[PDB]
$ cat input.pdb   # PDB, C-alpha atoms
ATOM      1  CA  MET A   1     -11.118 -38.064 -22.638
ATOM      2  CA  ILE A   2     -12.251 -34.456 -22.323
ATOM      3  CA  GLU A   3     -15.878 -33.592 -23.027
ATOM      4  CA  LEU A   4     -15.969 -30.897 -25.696
ATOM      5  CA  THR A   5     -17.816 -27.705 -24.841
ATOM      6  CA  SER A   6     -21.127 -26.858 -26.479
ATOM      7  CA  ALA A   7     -20.566 -23.131 -25.898
ATOM      8  CA  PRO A   8     -19.510 -20.960 -28.862
ATOM      9  CA  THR A   9     -15.904 -21.451 -29.928
ATOM     10  CA  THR A  10     -15.598 -19.240 -33.031
ATOM     11  CA  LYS A  11     -16.476 -15.653 -33.840
ATOM     12  CA  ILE A  12     -18.911 -16.898 -36.492
ATOM     13  CA  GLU A  13     -20.873 -18.755 -33.813
ATOM     14  CA  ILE A  14     -21.009 -15.586 -31.702
ATOM     15  CA  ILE A  15     -22.257 -13.618 -34.705
ATOM     16  CA  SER A  16     -24.864 -16.190 -35.720
ATOM     17  CA  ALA A  17     -26.177 -16.330 -32.150
ATOM     18  CA  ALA A  18     -26.654 -12.550 -32.107
ATOM     19  CA  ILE A  19     -28.439 -12.695 -35.467
ATOM     20  CA  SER A  20     -30.810 -15.359 -34.140
ATOM     21  CA  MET A  21     -31.441 -13.262 -31.035
ATOM     22  CA  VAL A  22     -32.910 -10.470 -33.173
ATOM     23  CA  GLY A  23     -35.017 -13.134 -34.850
ATOM     24  CA  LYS A  24     -33.349 -14.399 -38.055
ATOM     25  CA  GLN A  25     -32.356 -17.977 -38.821
ATOM     26  CA  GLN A  26     -28.649 -18.322 -39.548
ATOM     27  CA  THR A  27     -26.197 -21.178 -39.996
ATOM     28  CA  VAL A  28     -22.430 -20.829 -39.856
ATOM     29  CA  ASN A  29     -21.936 -22.133 -43.399
ATOM     30  CA  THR A  30     -24.256 -19.564 -45.044
ATOM     31  CA  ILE A  31     -22.997 -16.497 -43.146
ATOM     32  CA  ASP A  32     -21.715 -14.984 -46.407
ATOM     33  CA  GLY A  33     -25.272 -14.649 -47.711
ATOM     34  CA  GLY A  34     -26.753 -13.284 -44.502
ATOM     35  CA  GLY A  35     -27.832  -9.937 -45.913
ATOM     36  CA  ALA A  36     -27.897  -6.712 -43.927
ATOM     37  CA  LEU A  37     -27.807  -8.456 -40.545
ATOM     38  CA  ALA A  38     -24.633 -10.345 -41.460
ATOM     39  CA  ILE A  39     -22.991  -7.275 -43.006
ATOM     40  CA  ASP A  40     -23.519  -5.160 -39.896
ATOM     41  CA  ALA A  41     -22.606  -7.980 -37.514
ATOM     42  CA  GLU A  42     -19.267  -8.584 -39.231
ATOM     43  CA  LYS A  43     -18.436  -4.873 -39.313
ATOM     44  CA  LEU A  44     -19.395  -4.211 -35.689
ATOM     45  CA  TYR A  45     -18.060  -7.405 -34.086
ATOM     46  CA  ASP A  46     -14.385  -6.414 -34.153
ATOM     47  CA  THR A  47     -15.001  -2.873 -32.905
ATOM     48  CA  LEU A  48     -17.231  -4.054 -30.056
ATOM     49  CA  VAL A  49     -14.990  -6.897 -28.873
ATOM     50  CA  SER A  50     -11.833  -4.781 -28.944
ATOM     51  CA  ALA A  51     -13.589  -1.945 -27.112
ATOM     52  CA  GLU A  52     -14.857  -4.300 -24.407
ATOM     53  CA  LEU A  53     -11.532  -6.052 -23.829
ATOM     54  CA  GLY A  54      -9.724  -2.710 -24.081
ATOM     55  CA  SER A  55     -11.640  -0.982 -21.281
ATOM     56  CA  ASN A  56     -11.687  -3.473 -18.392
ATOM     57  CA  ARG A  57      -9.285  -5.899 -16.739
ATOM     58  CA  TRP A  58     -10.642  -9.280 -17.785
ATOM     59  CA  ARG A  59      -8.435 -12.028 -16.369
ATOM     60  CA  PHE A  60      -8.758 -14.263 -19.425
ATOM     61  CA  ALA A  61      -7.521 -11.417 -21.662
ATOM     62  CA  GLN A  62      -4.388 -10.553 -19.668
ATOM     63  CA  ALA A  63      -0.839 -10.933 -20.979
ATOM     64  CA  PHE A  64       2.672  -9.701 -20.289
ATOM     65  CA  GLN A  65       5.821  -8.886 -22.253
ATOM     66  CA  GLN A  66       9.090  -7.010 -21.883
ATOM     67  CA  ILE A  67       9.171  -3.474 -23.284
ATOM     68  CA  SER A  68      12.003  -1.943 -25.291
ATOM     69  CA  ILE A  69      13.672   1.460 -25.068
ATOM     70  CA  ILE A  70      13.558   3.311 -28.395
ATOM     71  CA  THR A  71      16.835   4.928 -29.428
ATOM     72  CA  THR A  72      17.285   8.654 -30.231
ATOM     73  CA  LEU A  73      14.014   9.591 -28.465
ATOM     74  CA  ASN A  74      14.556  11.758 -25.380
ATOM     75  CA  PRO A  75      11.785  13.347 -23.297
ATOM     76  CA  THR A  76      12.716  16.775 -21.959
ATOM     77  CA  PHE A  77      10.111  17.198 -19.204
ATOM     78  CA  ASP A  78       9.561  16.044 -15.616
ATOM     79  CA  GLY A  79      12.835  14.122 -15.531
ATOM     80  CA  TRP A  80      11.750  11.354 -17.899
ATOM     81  CA  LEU A  81      14.698   9.816 -19.724
ATOM     82  CA  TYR A  82      13.437   7.078 -22.068
ATOM     83  CA  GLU A  83      10.498   6.342 -24.353
ATOM     84  CA  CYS A  84       9.572   2.664 -24.541
ATOM     85  CA  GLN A  85       7.598   0.790 -27.186
ATOM     86  CA  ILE A  86       4.230  -0.692 -26.201
ATOM     87  CA  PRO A  87       3.642  -4.312 -27.336
ATOM     88  CA  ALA A  88       1.980  -4.818 -30.704
ATOM     89  CA  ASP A  89      -0.956  -6.809 -29.328
ATOM     90  CA  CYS A  90      -1.451  -4.449 -26.381
ATOM     91  CA  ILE A  91      -4.997  -3.130 -26.260
ATOM     92  CA  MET A  92      -5.036  -1.569 -22.759
ATOM     93  CA  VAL A  93      -2.019  -0.858 -20.554
ATOM     94  CA  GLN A  94      -2.583  -1.951 -16.954
ATOM     95  CA  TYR A  95       0.699  -1.700 -15.027
ATOM     96  CA  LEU A  96       4.444  -2.294 -15.094
ATOM     97  CA  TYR A  97       6.705  -4.686 -13.202
ATOM     98  CA  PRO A  98       8.677  -3.885 -11.105
ATOM     99  CA  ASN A  99       7.069  -0.984  -9.212
ATOM    100  CA  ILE A 100       8.969   2.032 -10.532
ATOM    101  CA  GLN A 101       8.208   5.458 -11.952
ATOM    102  CA  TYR A 102       6.450   5.464 -15.312
ATOM    103  CA  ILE A 103       3.665   7.206 -17.200
ATOM    104  CA  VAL A 104       1.767   6.437 -20.374
ATOM    105  CA  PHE A 105       2.456   9.409 -22.650
ATOM    106  CA  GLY A 106       1.191   9.351 -26.202
ATOM    107  CA  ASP A 107       1.660   5.807 -27.475
ATOM    108  CA  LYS A 108       4.835   5.302 -25.416
ATOM    109  CA  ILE A 109       5.775   4.501 -21.833
ATOM    110  CA  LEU A 110       8.207   6.953 -20.259
ATOM    111  CA  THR A 111      10.714   5.703 -17.692
ATOM    112  CA  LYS A 112      13.706   7.028 -15.770
ATOM    113  CA  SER A 113      15.650   3.740 -15.746
ATOM    114  CA  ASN A 114      17.117   1.402 -18.360
ATOM    115  CA  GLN A 115      16.495  -1.865 -16.521
ATOM    116  CA  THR A 116      14.167  -4.591 -17.781
ATOM    117  CA  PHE A 117      10.474  -3.709 -17.494
ATOM    118  CA  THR A 118       7.527  -6.032 -18.089
ATOM    119  CA  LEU A 119       4.118  -4.661 -19.063
ATOM    120  CA  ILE A 120       0.831  -6.227 -17.938
ATOM    121  CA  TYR A 121      -1.913  -5.510 -20.441
ATOM    122  CA  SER A 122      -5.115  -6.636 -22.124
ATOM    123  CA  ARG A 123      -5.183  -8.243 -25.554
ATOM    124  CA  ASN A 124      -7.642  -9.706 -28.007
ATOM    125  CA  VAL A 125      -8.095 -13.448 -27.538
ATOM    126  CA  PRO A 126     -10.062 -15.888 -29.725
ATOM    127  CA  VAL A 127     -13.557 -16.982 -28.753
ATOM    128  CA  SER A 128     -12.387 -20.432 -27.655
ATOM    129  CA  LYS A 129     -10.553 -18.668 -24.808
ATOM    130  CA  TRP A 130     -13.662 -16.798 -23.628
ATOM    131  CA  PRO A 131     -15.595 -17.736 -20.491
ATOM    132  CA  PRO A 132     -19.159 -18.763 -21.381
ATOM    133  CA  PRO A 133     -20.701 -15.873 -19.388
ATOM    134  CA  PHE A 134     -18.610 -13.413 -21.395
ATOM    135  CA  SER A 135     -19.691 -15.003 -24.679
ATOM    136  CA  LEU A 136     -23.378 -14.602 -23.856
ATOM    137  CA  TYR A 137     -22.746 -11.008 -22.795
ATOM    138  CA  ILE A 138     -21.161 -10.264 -26.173
ATOM    139  CA  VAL A 139     -24.100 -11.930 -27.936
ATOM    140  CA  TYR A 140     -26.532  -9.612 -26.140
ATOM    141  CA  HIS A 141     -24.398  -6.519 -26.707
ATOM    142  CA  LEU A 142     -23.857  -7.299 -30.390
ATOM    143  CA  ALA A 143     -27.574  -7.998 -30.824
ATOM    144  CA  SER A 144     -28.252  -4.622 -29.215
ATOM    145  CA  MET A 145     -26.129  -2.935 -31.885
ATOM    146  CA  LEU A 146     -27.893  -4.947 -34.592
ATOM    147  CA  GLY A 147     -31.184  -3.660 -33.209
ATOM    148  CA  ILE A 148     -29.996  -0.088 -33.715
ATOM    149  CA  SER A 149     -28.288  -0.626 -37.062
ATOM    150  CA  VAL A 150     -30.785  -2.892 -38.836
ATOM    151  CA  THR A 151     -34.144  -3.513 -37.183
ATOM    152  CA  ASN A 152     -34.839   0.163 -36.344
ATOM    153  CA  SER A 153     -37.181  -1.090 -33.606
ATOM    154  CA  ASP A 154     -37.432   0.707 -30.272
ATOM    155  CA  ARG A 155     -39.374  -2.280 -28.941
ATOM    156  CA  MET A 156     -36.498  -4.656 -29.697
ATOM    157  CA  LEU A 157     -33.982  -2.336 -28.039
ATOM    158  CA  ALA A 158     -36.070  -2.201 -24.865
ATOM    159  CA  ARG A 159     -36.307  -6.000 -24.691
ATOM    160  CA  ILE A 160     -32.580  -6.629 -25.189
ATOM    161  CA  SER A 161     -31.341  -4.018 -22.706
ATOM    162  CA  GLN A 162     -32.099  -5.818 -19.437
ATOM    163  CA  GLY A 163     -30.428  -9.045 -20.538
ATOM    164  CA  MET A 164     -27.372  -7.163 -21.777
ATOM    165  CA  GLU A 165     -26.871  -5.390 -18.445
ATOM    166  CA  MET A 166     -27.498  -8.514 -16.359
ATOM    167  CA  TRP A 167     -25.010 -10.709 -18.195
ATOM    168  CA  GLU A 168     -22.377  -7.982 -18.045
ATOM    169  CA  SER A 169     -22.480  -8.046 -14.239
ATOM    170  CA  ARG A 170     -22.523 -11.844 -14.090
ATOM    171  CA  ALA A 171     -19.644 -12.143 -16.557
ATOM    172  CA  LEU A 172     -17.602  -9.660 -14.513
ATOM    173  CA  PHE A 173     -18.341 -11.543 -11.290
ATOM    174  CA  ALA A 174     -17.459 -14.933 -12.767
ATOM    175  CA  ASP A 175     -14.141 -13.580 -14.033
ATOM    176  CA  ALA A 176     -13.250 -11.658 -10.870
ATOM    177  CA  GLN A 177     -14.174 -14.089  -8.105
ATOM    178  CA  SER A 178     -11.751 -16.873  -9.087
ATOM    179  CA  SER A 179      -8.753 -15.059  -7.580
ATOM    180  CA  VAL A 180      -7.836 -13.080  -4.495
ATOM    181  CA  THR A 181      -7.850  -9.278  -4.510
ATOM    182  CA  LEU A 182      -4.373  -7.763  -4.721
ATOM    183  CA  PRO A 183      -3.274  -5.021  -2.298
ATOM    184  CA  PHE A 184      -2.495  -1.427  -3.174
ATOM    185  CA  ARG A 185       0.998  -0.793  -4.478
ATOM    186  CA  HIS A 186       1.282   2.557  -2.650
ATOM    187  CA  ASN A 187       0.560   2.795   1.091
ATOM    188  CA  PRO A 188       2.150   6.080   2.179
ATOM    189  CA  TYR A 189       1.549   6.001   5.947
ATOM    190  CA  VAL A 190       3.279   2.605   6.100
ATOM    191  CA  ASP A 191       5.927   3.065   3.398
ATOM    192  CA  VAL A 192       7.342   6.167   5.103
ATOM    193  CA  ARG A 193       8.418   4.073   8.114
TER
ATOM    194  CA  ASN B  63      16.196  -9.066  19.427
ATOM    195  CA  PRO B  64      19.164 -11.477  19.681
ATOM    196  CA  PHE B  65      17.431 -14.119  17.535
ATOM    197  CA  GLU B  66      17.351 -11.908  14.442
ATOM    198  CA  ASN B  67      19.180 -13.086  11.315
ATOM    199  CA  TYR B  68      19.154 -16.663  12.661
ATOM    200  CA  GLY B  69      21.094 -15.674  15.769
ATOM    201  CA  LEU B  70      23.785 -13.648  14.012
ATOM    202  CA  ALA B  71      22.019 -10.423  15.073
ATOM    203  CA  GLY B  72      24.393  -7.559  14.296
ATOM    204  CA  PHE B  73      27.594  -9.569  13.823
ATOM    205  CA  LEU B  74      27.380  -9.678  10.022
ATOM    206  CA  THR B  75      25.386  -6.536   9.127
ATOM    207  CA  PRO B  76      25.177  -3.897  11.867
ATOM    208  CA  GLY B  77      22.791  -0.990  11.661
ATOM    209  CA  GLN B  78      19.783  -2.873  10.308
ATOM    210  CA  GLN B  79      16.260  -1.604  10.896
ATOM    211  CA  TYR B  80      14.147  -3.929  13.031
ATOM    212  CA  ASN B  81      11.202  -1.981  14.480
ATOM    213  CA  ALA B  82       9.595  -0.508  11.355
ATOM    214  CA  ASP B  83       6.631  -2.918  11.498
ATOM    215  CA  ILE B  84       5.954  -2.464  15.234
ATOM    216  CA  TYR B  85       3.087   0.008  15.001
ATOM    217  CA  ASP B  86       1.922  -0.402  18.609
ATOM    218  CA  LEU B  87       4.375   0.199  21.445
ATOM    219  CA  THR B  88       2.131  -0.964  24.299
ATOM    220  CA  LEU B  89       3.991  -4.231  24.908
ATOM    221  CA  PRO B  90       7.534  -2.809  24.432
ATOM    222  CA  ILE B  91       6.801   0.024  26.873
ATOM    223  CA  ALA B  92       5.201  -2.209  29.508
ATOM    224  CA  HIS B  93       7.901  -4.867  29.123
ATOM    225  CA  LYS B  94      10.707  -2.365  29.699
ATOM    226  CA  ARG B  95       8.992  -0.687  32.653
ATOM    227  CA  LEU B  96       8.293  -4.033  34.326
ATOM    228  CA  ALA B  97      11.928  -5.102  33.989
ATOM    229  CA  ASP B  98      13.104  -1.753  35.364
ATOM    230  CA  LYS B  99      10.621  -2.052  38.233
ATOM    231  CA  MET B 100      11.868  -5.543  39.101
ATOM    232  CA  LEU B 101      15.454  -4.269  39.158
ATOM    233  CA  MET B 102      14.709  -1.492  41.650
ATOM    234  CA  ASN B 103      12.674  -3.739  43.952
ATOM    235  CA  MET B 104      15.055  -6.728  43.953
ATOM    236  CA  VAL B 105      18.517  -5.131  43.885
ATOM    237  CA  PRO B 106      18.009  -1.420  44.673
ATOM    238  CA  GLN B 107      21.256   0.211  43.580
ATOM    239  CA  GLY B 108      22.995   2.208  46.267
ATOM    240  CA  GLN B 109      21.378   0.166  49.036
ATOM    241  CA  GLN B 110      22.487  -2.845  51.067
ATOM    242  CA  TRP B 111      19.945  -5.319  49.733
ATOM    243  CA  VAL B 112      21.716  -8.411  51.108
ATOM    244  CA  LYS B 113      23.555  -9.128  54.356
ATOM    245  CA  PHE B 114      26.027 -11.791  55.386
ATOM    246  CA  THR B 115      25.172 -13.446  58.698
ATOM    247  CA  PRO B 116      26.985 -16.030  60.829
ATOM    248  CA  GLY B 117      26.162 -19.583  59.839
ATOM    249  CA  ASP B 118      24.781 -22.412  61.929
ATOM    250  CA  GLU B 119      28.271 -23.383  63.134
ATOM    251  CA  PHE B 120      28.396 -20.334  65.436
ATOM    252  CA  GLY B 121      25.450 -21.412  67.585
ATOM    253  CA  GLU B 122      22.413 -19.489  68.695
ATOM    254  CA  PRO B 123      22.307 -15.719  68.094
ATOM    255  CA  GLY B 124      23.023 -13.428  71.015
TER
END

$ encode --input "input.pdb" --output "structure tokens"
Amino acid sequence: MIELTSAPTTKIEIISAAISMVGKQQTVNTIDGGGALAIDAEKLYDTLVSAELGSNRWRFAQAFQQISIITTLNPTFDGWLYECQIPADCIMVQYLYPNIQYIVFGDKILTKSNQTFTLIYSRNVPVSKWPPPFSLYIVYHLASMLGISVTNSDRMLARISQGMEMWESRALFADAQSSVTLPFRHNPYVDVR
Amino acid sequence: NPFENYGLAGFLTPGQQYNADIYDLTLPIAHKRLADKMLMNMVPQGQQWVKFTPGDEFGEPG
């Protein structure tokens, strides 16, 4: 039988950890009555988590899906022929498969071909899918925003900052090191041959 | 390379590209020049590089 993790597995446990970091007792079952700290944590959690997963290639947050050409839409510049719909859960476009010509333009992907394309992208994932280093990084970062929004304490902000930066680097390393580094897709001095 | 395409070489698809990933030509140049050098020193064309001689049945020379 599998040993269950003791790391946070729900967004409420992430929030209550950040609230305890700035000094307030908090249980998961009384989060509704948490006052100003709970109000700000709930409001800022979604914006922070989406911003973090939407601005860096985290392996645990990656996904793929086929994209669809939208009818009656025709670009008239640079030889682009089709506008394609981005997936609904897509939070940051990373690249397309296969290696063809494309650009992200507006909220669409422009292509010159009508074959099947697959998009690799970031998405929101629940806390139970997070690596433990990432969870602690979010706790520090969320507690940093609670320090600004609620405590109004410069002293608290100074104390949280070093831990927030350290766990960001360690979370990035833990995520990155598990897999090999992929080569460049374009290598002109070799491809020309 | 006669072993390309599992020995079929150019029988099935002629005109293939084979040398695109040979960035260094040191070995191909030296290999060709050595083979050419062996040809000129073993069978120099336009010269009489071998002679027929009477065999042992004809006795001692002279």

$ interface_residues --input "input.pdb" --of "chain B" --to "chain A" --cutoff "12 Å" --atoms "only C-alpha atoms" --output "VMD selection string"
chain B and resid 79 to 85

$ resolve_selection --input "input.pdb" --expression "the PyMOL selection byres ((chain A and resi 7-10) around 9)" --output "list in words"
residues 5, 6, 11, 12, 13, 14, 15, 17, 126, 127, 128, 129, 130, 132, 135 and 136 of chain A

$ residues_near_point --input "input.pdb" --point "(13.2, 0.9, -18.3)" --cutoff "9 Å" --atoms "all atoms listed in the file" --output "PyMOL selection string"
chain A and resi 67-69+82-84+100+102+109-118

$ write_last_selection --input "input.pdb" --atoms "C-alpha atoms" --output "PDB file, in the coordinates of the input"
ATOM      1  CA  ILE A  67       9.171  -3.474 -23.284  1.00  0.00           C
ATOM      2  CA  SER A  68      12.003  -1.943 -25.291  1.00  0.00           C
ATOM      3  CA  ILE A  69      13.672   1.460 -25.068  1.00  0.00           C
ATOM      4  CA  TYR A  82      13.437   7.078 -22.068  1.00  0.00           C
ATOM      5  CA  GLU A  83      10.498   6.342 -24.353  1.00  0.00           C
ATOM      6  CA  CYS A  84       9.572   2.664 -24.541  1.00  0.00           C
ATOM      7  CA  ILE A 100       8.969   2.032 -10.532  1.00  0.00           C
ATOM      8  CA  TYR A 102       6.450   5.464 -15.312  1.00  0.00           C
ATOM      9  CA  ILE A 109       5.775   4.501 -21.833  1.00  0.00           C
ATOM     10  CA  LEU A 110       8.207   6.953 -20.259  1.00  0.00           C
ATOM     11  CA  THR A 111      10.714   5.703 -17.692  1.00  0.00           C
ATOM     12  CA  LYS A 112      13.706   7.028 -15.770  1.00  0.00           C
ATOM     13  CA  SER A 113      15.650   3.740 -15.746  1.00  0.00           C
ATOM     14  CA  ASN A 114      17.117   1.402 -18.360  1.00  0.00           C
ATOM     15  CA  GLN A 115      16.495  -1.865 -16.521  1.00  0.00           C
ATOM     16  CA  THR A 116      14.167  -4.591 -17.781  1.00  0.00           C
ATOM     17  CA  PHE A 117      10.474  -3.709 -17.494  1.00  0.00           C
ATOM     18  CA  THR A 118       7.527  -6.032 -18.089  1.00  0.00           C
TER      19      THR A 118
END

$ axis_aligned_box --input "input.pdb" --around "region 137-149 of chain A" --padding-each-side "3 Å" --output "lines of an AutoDock Vina configuration file"
center_x = -26.2
center_y = -6.0
center_z = -29.9
size_x = 16.0
size_y = 17.8
size_z = 20.3

$ resolve_selection --input "input.pdb" --expression "the PyMOL selection byres ((chain A and resi 97) around 7)" --output "list in words"
residues 95, 96, 98, 99, 117, 118 and 119 of chain A

$ atom_distance --input "input.pdb" --atom1 "CA of residue 80 (chain A)" --atom2 "CA of residue 101 (chain A)"
9.1 Å

$ residues_around --input "input.pdb" --residues "residue 94 (chain A)" --least-positions-apart "4" --cutoff "9 Å" --atoms "only C-alpha atoms" --output "ChimeraX atom specification"
/A:57,119-122

$ atom_distance --input "input.pdb" --atom1 "CA of residue 104 (chain A)" --atom2 "CA of residue 182 (chain A)"
22.0 Å

$ residues_around --input "input.pdb" --residues "residue 61 (chain A)" --least-positions-apart "4" --cutoff "7 Å" --atoms "only C-alpha atoms" --output "list in words"
residues 122, 123, 124 and 125 of chain A

$ resolve_selection --input "input.pdb" --expression "the PyMOL selection byres ((chain A and resi 159) around 12)" --output "list in words"
residues 21, 22, 140, 143, 144, 147, 153, 154, 155, 156, 157, 158, 160, 161, 162, 163, 164 and 165 of chain A

$ atom_distance --input "input.pdb" --atom1 "CA of residue 108 (chain A)" --atom2 "CA of residue 85 (chain A)"
5.6 Å

$ closest_residue --input "input.pdb" --among "A:4, A:36, A:81, A:18" --to "residue 151 (chain A)" --atoms "only C-alpha atoms"
A:36

$ residues_around --input "input.pdb" --residues "residue 32 (chain A)" --least-positions-apart "3" --cutoff "12 Å" --atoms "only C-alpha atoms" --output "PyMOL selection string"
chain A and resi 12+15-16+26-29+35-42

$ closest_residue --input "input.pdb" --among "A:142, A:172, A:180, A:166" --to "residue 43 (chain A)" --atoms "all atoms listed in the file"
A:142
